[PDB]
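Reproduced below: final27.cif, with mmCIF, N, CA and C atoms and all ligand atoms.
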```
data_input
#
loop_
_atom_site.label_atom_id
_atom_site.label_comp_id
_atom_site.auth_asym_id
_atom_site.auth_seq_id
_atom_site.Cartn_x
_atom_site.Cartn_y
_atom_site.Cartn_z
N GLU A 137 134.21 15.60 117.27
CA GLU A 137 135.22 14.51 117.45
C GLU A 137 136.15 14.74 118.70
N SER A 138 137.14 15.62 118.60
CA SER A 138 138.25 15.64 119.54
C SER A 138 138.14 16.79 120.58
N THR A 139 139.04 16.82 121.56
CA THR A 139 139.14 17.89 122.58
C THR A 139 140.54 18.53 122.51
N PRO A 140 140.75 19.70 123.16
CA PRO A 140 142.07 20.29 123.10
C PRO A 140 143.20 19.40 123.66
N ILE A 141 142.99 18.79 124.80
CA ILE A 141 144.04 17.91 125.38
C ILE A 141 144.35 16.72 124.43
N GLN A 142 143.33 16.15 123.82
CA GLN A 142 143.57 15.08 122.85
C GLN A 142 144.43 15.55 121.68
N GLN A 143 144.14 16.73 121.15
CA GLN A 143 144.96 17.28 120.06
C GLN A 143 146.42 17.51 120.43
N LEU A 144 146.66 18.00 121.65
CA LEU A 144 148.04 18.25 122.16
C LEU A 144 148.81 16.95 122.28
N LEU A 145 148.16 15.96 122.86
CA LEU A 145 148.77 14.67 123.04
C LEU A 145 149.03 13.93 121.73
N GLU A 146 148.14 14.08 120.73
CA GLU A 146 148.35 13.46 119.41
C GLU A 146 149.59 14.12 118.74
N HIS A 147 149.75 15.42 118.99
CA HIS A 147 150.95 16.19 118.52
C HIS A 147 152.24 15.60 119.10
N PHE A 148 152.25 15.38 120.39
CA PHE A 148 153.44 14.84 121.07
C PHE A 148 153.80 13.39 120.55
N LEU A 149 152.75 12.58 120.38
CA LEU A 149 152.90 11.22 119.89
C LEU A 149 153.39 11.18 118.46
N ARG A 150 152.89 12.02 117.60
CA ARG A 150 153.37 12.03 116.24
C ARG A 150 154.88 12.38 116.17
N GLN A 151 155.29 13.39 116.94
CA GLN A 151 156.70 13.80 116.98
C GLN A 151 157.58 12.70 117.55
N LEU A 152 157.08 11.98 118.53
CA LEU A 152 157.88 10.89 119.12
C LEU A 152 158.03 9.70 118.08
N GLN A 153 156.92 9.32 117.45
CA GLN A 153 156.94 8.25 116.39
C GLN A 153 157.85 8.52 115.18
N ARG A 154 158.06 9.79 114.85
CA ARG A 154 158.94 10.16 113.78
C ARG A 154 160.41 9.69 113.99
N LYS A 155 160.82 9.50 115.24
CA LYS A 155 162.18 9.01 115.58
C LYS A 155 162.37 7.51 115.38
N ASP A 156 161.25 6.81 115.17
CA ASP A 156 161.12 5.34 114.95
C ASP A 156 160.51 5.04 113.58
N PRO A 157 161.20 5.46 112.49
CA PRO A 157 160.57 5.32 111.15
C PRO A 157 160.26 3.86 110.76
N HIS A 158 160.96 2.87 111.34
CA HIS A 158 160.69 1.45 111.04
C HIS A 158 159.55 0.86 111.80
N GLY A 159 159.08 1.54 112.84
CA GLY A 159 157.98 1.00 113.65
C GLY A 159 158.34 -0.07 114.66
N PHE A 160 159.57 -0.09 115.21
CA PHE A 160 159.90 -1.10 116.23
C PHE A 160 159.08 -0.95 117.51
N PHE A 161 158.57 0.27 117.76
CA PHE A 161 157.82 0.62 118.93
C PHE A 161 156.32 0.78 118.58
N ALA A 162 155.93 0.45 117.34
CA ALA A 162 154.56 0.73 116.86
C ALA A 162 153.50 -0.22 117.46
N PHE A 163 153.87 -1.49 117.71
CA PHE A 163 152.95 -2.50 118.16
C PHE A 163 153.53 -3.23 119.39
N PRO A 164 152.73 -3.99 120.11
CA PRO A 164 153.25 -4.65 121.30
C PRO A 164 154.32 -5.69 121.01
N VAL A 165 155.28 -5.76 121.90
CA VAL A 165 156.24 -6.85 121.87
C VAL A 165 155.54 -8.16 122.37
N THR A 166 155.76 -9.22 121.63
CA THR A 166 155.28 -10.56 121.99
C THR A 166 156.47 -11.48 122.35
N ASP A 167 156.14 -12.59 123.00
CA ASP A 167 157.16 -13.64 123.33
C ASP A 167 157.75 -14.32 122.09
N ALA A 168 156.98 -14.37 121.00
CA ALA A 168 157.49 -14.79 119.73
C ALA A 168 158.60 -13.91 119.19
N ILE A 169 158.48 -12.60 119.34
CA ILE A 169 159.61 -11.79 118.86
C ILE A 169 160.71 -11.61 119.89
N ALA A 170 160.40 -11.64 121.18
CA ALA A 170 161.35 -11.41 122.25
C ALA A 170 161.19 -12.50 123.31
N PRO A 171 162.08 -13.52 123.27
CA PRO A 171 161.93 -14.65 124.19
C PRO A 171 161.86 -14.25 125.67
N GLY A 172 160.89 -14.83 126.35
CA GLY A 172 160.64 -14.57 127.73
C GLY A 172 160.18 -13.20 128.14
N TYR A 173 159.79 -12.36 127.17
CA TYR A 173 159.48 -10.92 127.49
C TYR A 173 158.52 -10.81 128.65
N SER A 174 157.42 -11.60 128.60
CA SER A 174 156.29 -11.53 129.53
C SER A 174 156.68 -11.91 130.94
N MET A 175 157.76 -12.63 131.10
CA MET A 175 158.31 -12.87 132.41
C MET A 175 159.03 -11.68 132.99
N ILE A 176 159.88 -11.07 132.15
CA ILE A 176 160.80 -10.03 132.56
C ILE A 176 160.11 -8.68 132.71
N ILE A 177 159.17 -8.39 131.79
CA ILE A 177 158.52 -7.08 131.74
C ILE A 177 157.09 -7.26 132.16
N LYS A 178 156.71 -6.70 133.31
CA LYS A 178 155.32 -6.84 133.82
C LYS A 178 154.29 -5.88 133.24
N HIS A 179 154.67 -4.66 132.85
CA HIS A 179 153.70 -3.65 132.36
C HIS A 179 154.14 -3.18 130.97
N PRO A 180 153.84 -3.95 129.92
CA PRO A 180 154.18 -3.61 128.52
C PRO A 180 153.53 -2.35 128.05
N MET A 181 154.20 -1.62 127.14
CA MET A 181 153.61 -0.47 126.46
C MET A 181 154.27 -0.23 125.09
N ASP A 182 153.55 0.43 124.20
CA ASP A 182 153.92 0.70 122.82
C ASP A 182 153.14 1.90 122.30
N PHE A 183 153.55 2.44 121.16
CA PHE A 183 152.94 3.68 120.59
C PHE A 183 151.53 3.47 120.12
N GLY A 184 151.27 2.27 119.59
CA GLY A 184 149.89 1.91 119.18
C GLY A 184 148.90 1.96 120.32
N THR A 185 149.24 1.37 121.46
CA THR A 185 148.41 1.38 122.63
C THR A 185 148.21 2.80 123.13
N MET A 186 149.27 3.61 123.10
CA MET A 186 149.19 5.00 123.58
C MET A 186 148.21 5.77 122.66
N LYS A 187 148.26 5.53 121.37
CA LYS A 187 147.34 6.22 120.42
C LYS A 187 145.87 5.85 120.75
N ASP A 188 145.63 4.56 120.97
CA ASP A 188 144.29 4.10 121.38
C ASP A 188 143.81 4.73 122.66
N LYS A 189 144.68 4.92 123.64
CA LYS A 189 144.29 5.60 124.88
C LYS A 189 143.93 7.10 124.70
N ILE A 190 144.72 7.82 123.89
CA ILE A 190 144.39 9.19 123.51
C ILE A 190 142.97 9.28 122.87
N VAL A 191 142.69 8.40 121.92
CA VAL A 191 141.42 8.42 121.21
C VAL A 191 140.25 8.10 122.15
N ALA A 192 140.42 7.11 123.00
CA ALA A 192 139.42 6.81 124.11
C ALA A 192 139.32 7.87 125.26
N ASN A 193 140.18 8.90 125.22
CA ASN A 193 140.22 9.99 126.20
C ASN A 193 140.56 9.50 127.62
N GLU A 194 141.44 8.51 127.67
CA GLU A 194 141.92 7.93 128.92
C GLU A 194 142.96 8.73 129.70
N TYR A 195 143.59 9.75 129.08
CA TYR A 195 144.63 10.53 129.74
C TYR A 195 144.02 11.89 130.26
N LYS A 196 144.19 12.17 131.56
CA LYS A 196 143.67 13.39 132.20
C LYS A 196 144.67 14.58 132.07
N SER A 197 145.95 14.24 131.82
CA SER A 197 147.06 15.21 131.95
C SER A 197 148.27 14.76 131.12
N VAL A 198 149.17 15.71 130.84
CA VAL A 198 150.42 15.41 130.15
C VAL A 198 151.25 14.48 131.02
N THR A 199 151.17 14.64 132.37
CA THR A 199 151.85 13.71 133.34
C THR A 199 151.53 12.24 133.05
N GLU A 200 150.27 11.95 132.91
CA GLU A 200 149.77 10.57 132.64
C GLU A 200 150.28 9.97 131.32
N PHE A 201 150.25 10.81 130.27
CA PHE A 201 150.81 10.43 129.00
C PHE A 201 152.31 10.22 129.07
N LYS A 202 153.05 11.16 129.68
CA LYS A 202 154.50 11.10 129.79
C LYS A 202 154.93 9.83 130.55
N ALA A 203 154.14 9.43 131.53
CA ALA A 203 154.41 8.21 132.28
C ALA A 203 154.34 6.90 131.44
N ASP A 204 153.38 6.81 130.53
CA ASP A 204 153.34 5.68 129.59
C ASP A 204 154.52 5.73 128.60
N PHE A 205 154.82 6.93 128.12
CA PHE A 205 156.00 7.11 127.24
C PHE A 205 157.31 6.64 127.90
N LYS A 206 157.57 7.05 129.13
CA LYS A 206 158.75 6.62 129.85
C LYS A 206 158.71 5.13 130.18
N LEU A 207 157.55 4.53 130.49
CA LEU A 207 157.44 3.06 130.71
C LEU A 207 157.90 2.23 129.50
N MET A 208 157.50 2.70 128.32
CA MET A 208 157.78 2.04 127.04
C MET A 208 159.32 2.01 126.84
N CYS A 209 159.93 3.16 127.11
CA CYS A 209 161.39 3.31 126.92
C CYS A 209 162.18 2.48 127.96
N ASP A 210 161.72 2.57 129.22
CA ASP A 210 162.34 1.81 130.33
C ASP A 210 162.26 0.29 130.16
N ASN A 211 161.10 -0.21 129.70
CA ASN A 211 160.92 -1.61 129.32
C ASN A 211 161.98 -2.05 128.34
N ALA A 212 162.19 -1.24 127.32
CA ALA A 212 163.14 -1.63 126.24
C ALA A 212 164.59 -1.62 126.73
N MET A 213 164.94 -0.64 127.59
CA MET A 213 166.24 -0.55 128.18
C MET A 213 166.45 -1.60 129.26
N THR A 214 165.40 -2.14 129.87
CA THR A 214 165.55 -3.23 130.87
C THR A 214 165.72 -4.58 130.15
N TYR A 215 164.87 -4.86 129.17
CA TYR A 215 164.90 -6.17 128.51
C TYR A 215 166.14 -6.38 127.57
N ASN A 216 166.40 -5.42 126.69
CA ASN A 216 167.44 -5.47 125.69
C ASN A 216 168.85 -5.08 126.22
N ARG A 217 169.91 -5.77 125.71
CA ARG A 217 171.29 -5.38 125.98
C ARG A 217 171.65 -4.00 125.43
N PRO A 218 172.58 -3.30 126.09
CA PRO A 218 173.02 -2.00 125.63
C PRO A 218 173.47 -1.91 124.18
N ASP A 219 174.04 -3.00 123.67
CA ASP A 219 174.55 -3.07 122.29
C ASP A 219 173.49 -3.18 121.22
N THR A 220 172.22 -3.26 121.56
CA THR A 220 171.23 -3.50 120.56
C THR A 220 170.59 -2.25 120.00
N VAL A 221 169.96 -2.41 118.84
CA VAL A 221 169.23 -1.30 118.21
C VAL A 221 168.05 -0.86 119.07
N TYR A 222 167.42 -1.82 119.76
CA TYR A 222 166.21 -1.52 120.48
C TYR A 222 166.59 -0.63 121.69
N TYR A 223 167.64 -1.00 122.40
CA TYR A 223 168.16 -0.18 123.51
C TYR A 223 168.58 1.23 123.08
N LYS A 224 169.34 1.34 121.99
CA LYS A 224 169.86 2.61 121.53
C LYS A 224 168.71 3.52 121.07
N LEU A 225 167.74 2.97 120.36
CA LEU A 225 166.59 3.74 119.92
C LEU A 225 165.67 4.21 121.11
N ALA A 226 165.49 3.33 122.10
CA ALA A 226 164.71 3.67 123.30
C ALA A 226 165.35 4.90 124.01
N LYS A 227 166.69 4.92 124.11
CA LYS A 227 167.45 6.04 124.72
C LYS A 227 167.27 7.33 123.91
N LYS A 228 167.38 7.25 122.57
CA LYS A 228 167.06 8.38 121.66
C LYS A 228 165.63 8.97 121.87
N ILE A 229 164.64 8.09 121.97
CA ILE A 229 163.23 8.48 122.14
C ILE A 229 163.06 9.14 123.53
N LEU A 230 163.65 8.52 124.55
CA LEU A 230 163.50 8.99 125.91
C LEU A 230 164.01 10.44 126.01
N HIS A 231 165.16 10.71 125.44
CA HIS A 231 165.70 12.07 125.43
C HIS A 231 164.81 13.08 124.71
N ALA A 232 164.36 12.72 123.53
CA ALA A 232 163.45 13.55 122.77
C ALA A 232 162.19 13.89 123.54
N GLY A 233 161.60 12.93 124.20
CA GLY A 233 160.39 13.24 124.93
C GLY A 233 160.53 14.13 126.17
N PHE A 234 161.56 13.88 126.95
CA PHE A 234 161.91 14.71 128.12
C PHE A 234 162.15 16.17 127.73
N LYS A 235 162.83 16.36 126.61
CA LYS A 235 162.97 17.70 126.05
C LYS A 235 161.64 18.32 125.59
N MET A 236 160.86 17.54 124.86
CA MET A 236 159.61 18.01 124.21
C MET A 236 158.50 18.41 125.24
N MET A 237 158.46 17.67 126.33
CA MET A 237 157.44 17.78 127.42
C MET A 237 158.10 18.34 128.73
N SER A 238 159.20 19.08 128.63
CA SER A 238 159.83 19.66 129.83
C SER A 238 158.89 20.64 130.51
N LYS A 239 159.04 20.76 131.83
CA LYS A 239 158.37 21.83 132.57
C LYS A 239 158.54 23.21 131.93
N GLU A 240 159.72 23.53 131.39
CA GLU A 240 159.89 24.83 130.73
C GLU A 240 158.94 24.99 129.51
N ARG A 241 158.84 23.93 128.69
CA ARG A 241 157.99 23.92 127.52
C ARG A 241 156.50 24.04 127.86
N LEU A 242 156.07 23.30 128.87
CA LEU A 242 154.68 23.30 129.28
C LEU A 242 154.30 24.67 129.93
N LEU A 243 155.23 25.29 130.68
CA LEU A 243 155.02 26.66 131.19
C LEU A 243 154.73 27.69 130.06
N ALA A 244 155.60 27.76 129.06
CA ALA A 244 155.40 28.56 127.88
C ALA A 244 154.07 28.30 127.21
N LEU A 245 153.73 27.03 127.00
CA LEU A 245 152.40 26.69 126.50
C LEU A 245 151.26 27.25 127.41
N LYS A 246 151.37 27.09 128.74
CA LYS A 246 150.33 27.55 129.62
C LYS A 246 150.20 29.12 129.60
N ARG A 247 151.32 29.82 129.43
CA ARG A 247 151.28 31.25 129.31
C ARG A 247 150.57 31.66 127.99
N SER A 248 150.73 30.92 126.89
CA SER A 248 150.02 31.26 125.64
C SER A 248 148.50 30.93 125.66
N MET A 249 148.03 30.20 126.69
CA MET A 249 146.61 29.93 126.95
C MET A 249 145.91 30.98 127.85
N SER A 250 146.20 32.24 127.63
CA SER A 250 145.36 33.32 128.19
C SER A 250 145.11 34.31 127.11
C1 LIG B 301 160.72 -2.66 121.48
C2 LIG B 301 161.48 -3.98 121.59
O1 LIG B 301 161.99 -4.25 122.70
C3 LIG B 301 161.60 -4.79 120.45
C4 LIG B 301 161.04 -4.60 119.20
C5 LIG B 301 161.37 -5.66 118.38
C6 LIG B 301 160.99 -5.90 117.03
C7 LIG B 301 161.92 -6.33 116.06
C8 LIG B 301 161.57 -6.63 114.73
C9 LIG B 301 160.22 -6.47 114.33
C10 LIG B 301 159.28 -6.05 115.27
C11 LIG B 301 159.67 -5.76 116.59
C12 LIG B 301 162.18 -6.49 119.10
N1 LIG B 301 162.81 -7.68 118.81
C13 LIG B 301 163.61 -8.31 119.78
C14 LIG B 301 163.76 -7.78 121.08
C15 LIG B 301 163.12 -6.58 121.36
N2 LIG B 301 162.33 -5.95 120.37
#
```

For this file, write the structure as structure tokens.
Amino acid sequence: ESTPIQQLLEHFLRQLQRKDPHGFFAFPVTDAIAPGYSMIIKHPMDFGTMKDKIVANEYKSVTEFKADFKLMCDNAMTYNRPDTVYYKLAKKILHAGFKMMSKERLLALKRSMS
């Protein structure tokens, strides 16, 4: 079934999803739920899509995965007002991921791979 990089990335995704227990980031945002979204946000992303990409083996590196994670958070902070739940939760997730996938963390991981 899986490869080592796929397992690492599924680990990171599970930990990130735990901060969103209601699933606001689980599926794509549509124009029905968010008026005019498709005008304002050109490159949509969500946790469901990221999971599908991991399973299809579309990510070559943690860099590539981290870039989709930050796009998802930036989209939500661009579209939604600061006072909203969606904005506040996107900021919470963004911090968690930057900490979880820091250069310091990945260095330690790379040292344990000898
Ligand atoms: C992630 C996001 O921007 C989002 C999720 C939702 C959302 C809310 C309830 C149920 C499903 C998604 C939403 N609603 C209005 C404006 C923005 N959003």

Practice task
To one decimal in Å, tell me the separation between atom C of residue A:204 and atom CA of residue A:247.
Solution key: 25.7 Å

Taking only stretch 165-233 of chain A into account, list the residues labelled helix (DSSP H, G or I) by DSSP (computed from the backbone), as a tab-separated table (two decimals) with N, CA and C atoms, in the coordinates of the input.
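Okay, out14.tsv is ready:
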```tsv
chain	number	residue	atom	x	y	z
A	173	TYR	N	159.79	-12.36	127.17
A	173	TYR	CA	159.48	-10.92	127.49
A	173	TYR	C	158.52	-10.81	128.65
A	174	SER	N	157.42	-11.60	128.60
A	174	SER	CA	156.29	-11.53	129.53
A	174	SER	C	156.68	-11.91	130.94
A	175	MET	N	157.76	-12.63	131.10
A	175	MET	CA	158.31	-12.87	132.41
A	175	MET	C	159.03	-11.68	132.99
A	176	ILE	N	159.88	-11.07	132.15
A	176	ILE	CA	160.80	-10.03	132.56
A	176	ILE	C	160.11	-8.68	132.71
A	183	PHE	N	153.55	2.44	121.16
A	183	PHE	CA	152.94	3.68	120.59
A	183	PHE	C	151.53	3.47	120.12
A	184	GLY	N	151.27	2.27	119.59
A	184	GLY	CA	149.89	1.91	119.18
A	184	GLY	C	148.90	1.96	120.32
A	185	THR	N	149.24	1.37	121.46
A	185	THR	CA	148.41	1.38	122.63
A	185	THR	C	148.21	2.80	123.13
A	186	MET	N	149.27	3.61	123.10
A	186	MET	CA	149.19	5.00	123.58
A	186	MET	C	148.21	5.77	122.66
A	187	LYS	N	148.26	5.53	121.37
A	187	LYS	CA	147.34	6.22	120.42
A	187	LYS	C	145.87	5.85	120.75
A	188	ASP	N	145.63	4.56	120.97
A	188	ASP	CA	144.29	4.10	121.38
A	188	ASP	C	143.81	4.73	122.66
A	189	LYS	N	144.68	4.92	123.64
A	189	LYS	CA	144.29	5.60	124.88
A	189	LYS	C	143.93	7.10	124.70
A	190	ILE	N	144.72	7.82	123.89
A	190	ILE	CA	144.39	9.19	123.51
A	190	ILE	C	142.97	9.28	122.87
A	191	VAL	N	142.69	8.40	121.92
A	191	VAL	CA	141.42	8.42	121.21
A	191	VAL	C	140.25	8.10	122.15
A	198	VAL	N	149.17	15.71	130.84
A	198	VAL	CA	150.42	15.41	130.15
A	198	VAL	C	151.25	14.48	131.02
A	199	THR	N	151.17	14.64	132.37
A	199	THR	CA	151.85	13.71	133.34
A	199	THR	C	151.53	12.24	133.05
A	200	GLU	N	150.27	11.95	132.91
A	200	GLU	CA	149.77	10.57	132.64
A	200	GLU	C	150.28	9.97	131.32
A	201	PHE	N	150.25	10.81	130.27
A	201	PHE	CA	150.81	10.43	129.00
A	201	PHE	C	152.31	10.22	129.07
A	202	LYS	N	153.05	11.16	129.68
A	202	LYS	CA	154.50	11.10	129.79
A	202	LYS	C	154.93	9.83	130.55
A	203	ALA	N	154.14	9.43	131.53
A	203	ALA	CA	154.41	8.21	132.28
A	203	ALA	C	154.34	6.90	131.44
A	204	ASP	N	153.38	6.81	130.53
A	204	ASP	CA	153.34	5.68	129.59
A	204	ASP	C	154.52	5.73	128.60
A	205	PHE	N	154.82	6.93	128.12
A	205	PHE	CA	156.00	7.11	127.24
A	205	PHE	C	157.31	6.64	127.90
A	206	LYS	N	157.57	7.05	129.13
A	206	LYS	CA	158.75	6.62	129.85
A	206	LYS	C	158.71	5.13	130.18
A	207	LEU	N	157.55	4.53	130.49
A	207	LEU	CA	157.44	3.06	130.71
A	207	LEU	C	157.90	2.23	129.50
A	208	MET	N	157.50	2.70	128.32
A	208	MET	CA	157.78	2.04	127.04
A	208	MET	C	159.32	2.01	126.84
A	209	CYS	N	159.93	3.16	127.11
A	209	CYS	CA	161.39	3.31	126.92
A	209	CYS	C	162.18	2.48	127.96
A	210	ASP	N	161.72	2.57	129.22
A	210	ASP	CA	162.34	1.81	130.33
A	210	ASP	C	162.26	0.29	130.16
A	211	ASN	N	161.10	-0.21	129.70
A	211	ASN	CA	160.92	-1.61	129.32
A	211	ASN	C	161.98	-2.05	128.34
A	212	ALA	N	162.19	-1.24	127.32
A	212	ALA	CA	163.14	-1.63	126.24
A	212	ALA	C	164.59	-1.62	126.73
A	213	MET	N	164.94	-0.64	127.59
A	213	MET	CA	166.24	-0.55	128.18
A	213	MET	C	166.45	-1.60	129.26
A	214	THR	N	165.40	-2.14	129.87
A	214	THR	CA	165.55	-3.23	130.87
A	214	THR	C	165.72	-4.58	130.15
A	215	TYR	N	164.87	-4.86	129.17
A	215	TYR	CA	164.90	-6.17	128.51
A	215	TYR	C	166.14	-6.38	127.57
A	221	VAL	N	169.96	-2.41	118.84
A	221	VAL	CA	169.23	-1.30	118.21
A	221	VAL	C	168.05	-0.86	119.07
A	222	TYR	N	167.42	-1.82	119.76
A	222	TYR	CA	166.21	-1.52	120.48
A	222	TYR	C	166.59	-0.63	121.69
A	223	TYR	N	167.64	-1.00	122.40
A	223	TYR	CA	168.16	-0.18	123.51
A	223	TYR	C	168.58	1.23	123.08
A	224	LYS	N	169.34	1.34	121.99
A	224	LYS	CA	169.86	2.61	121.53
A	224	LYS	C	168.71	3.52	121.07
A	225	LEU	N	167.74	2.97	120.36
A	225	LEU	CA	166.59	3.74	119.92
A	225	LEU	C	165.67	4.21	121.11
A	226	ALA	N	165.49	3.33	122.10
A	226	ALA	CA	164.71	3.67	123.30
A	226	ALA	C	165.35	4.90	124.01
A	227	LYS	N	166.69	4.92	124.11
A	227	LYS	CA	167.45	6.04	124.72
A	227	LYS	C	167.27	7.33	123.91
A	228	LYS	N	167.38	7.25	122.57
A	228	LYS	CA	167.06	8.38	121.66
A	228	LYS	C	165.63	8.97	121.87
A	229	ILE	N	164.64	8.09	121.97
A	229	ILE	CA	163.23	8.48	122.14
A	229	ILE	C	163.06	9.14	123.53
A	230	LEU	N	163.65	8.52	124.55
A	230	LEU	CA	163.50	8.99	125.91
A	230	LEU	C	164.01	10.44	126.01
A	231	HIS	N	165.16	10.71	125.44
A	231	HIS	CA	165.70	12.07	125.43
A	231	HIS	C	164.81	13.08	124.71
A	232	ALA	N	164.36	12.72	123.53
A	232	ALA	CA	163.45	13.55	122.77
A	232	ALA	C	162.19	13.89	123.54
A	233	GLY	N	161.60	12.93	124.20
A	233	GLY	CA	160.39	13.24	124.93
A	233	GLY	C	160.53	14.13	126.17
```

Problem - Among listed residues A:143, A:238, A:211, A:174, nearest ligand LIG 301 (chain B) (using all atoms listed in the file) - result: A:211

Problem - Distance query stretch 144-151 of chain A at most 8 Å, all atoms listed in the file, self and fewer than 4 positions along chain excluded, as JSON, numbers by chain - result: {"A": [139, 140, 155, 156, 183, 186, 187, 190, 191, 198, 201, 232, 233, 236, 237]}

Contacts between ligand LIG 301 (chain B) and chain A, please, where a residue of chain A counts if it comes within 7 Å (with only C-alpha atoms and all ligand atoms); show its shortest atom pair and distance in Å to one decimal, rows by chain and ascending number, as CSV.
```
residue,atom,partner,partner_atom,distance
A:160,CA,B:LIG301,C11,4.7
A:161,CA,B:LIG301,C1,5.1
A:165,CA,B:LIG301,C3,5.9
A:169,CA,B:LIG301,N1,5.2
A:170,CA,B:LIG301,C14,4.5
A:212,CA,B:LIG301,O1,4.6
A:215,CA,B:LIG301,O1,6.8
A:216,CA,B:LIG301,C15,6.2
A:222,CA,B:LIG301,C2,5.4
```

Handout entry: Point-to-point distance from atom CA of residue A:208 to atom CA of residue A:180, Å rounded to tenths
Key = 6.9 Å

At a cut-off of 9 Å, using only C-alpha atoms, what residues contact residue A:214? Leave out same-chain residues fewer than 4 positions from it and give the result as a compact mmCIF listing (two decimals) with N, CA and C atoms, keeping the file's coordinate frame.
```txt
# COMPACT_ATOMS: atom_id res chain seq x y z
N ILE A 176 159.88 -11.07 132.15
CA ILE A 176 160.80 -10.03 132.56
C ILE A 176 160.11 -8.68 132.71
N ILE A 177 159.17 -8.39 131.79
CA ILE A 177 158.52 -7.08 131.74
C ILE A 177 157.09 -7.26 132.16
N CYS A 209 159.93 3.16 127.11
CA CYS A 209 161.39 3.31 126.92
C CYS A 209 162.18 2.48 127.96
N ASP A 210 161.72 2.57 129.22
CA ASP A 210 162.34 1.81 130.33
C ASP A 210 162.26 0.29 130.16
N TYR A 223 167.64 -1.00 122.40
CA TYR A 223 168.16 -0.18 123.51
C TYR A 223 168.58 1.23 123.08
```

Problem - Which of A:213, A:164, A:141, A:182 sits closest to residue A:194 [using only C-alpha atoms] - result: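 Smallest distance to residue A:194 is found for A:141.
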
Handout entry: Coordinates-based distance that separates atom CA of residue A:239 from atom CA of residue A:179 (Å, one decimal)
Key =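 Between these atoms lies a distance of 25.9 Å.
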
Calculate, to one decimal in Å, the centre and edge lengths of the box along x, y and z of the file that holds all listed atoms of stretch 176-194 of chain A with 5 Å of margin on each side, and present them as AutoDock Vina command-line options.
```
--center_x 150.1 --center_y -0.5 --center_z 126.5 --size_x 31.5 --size_y 31.1 --size_z 24.6
```
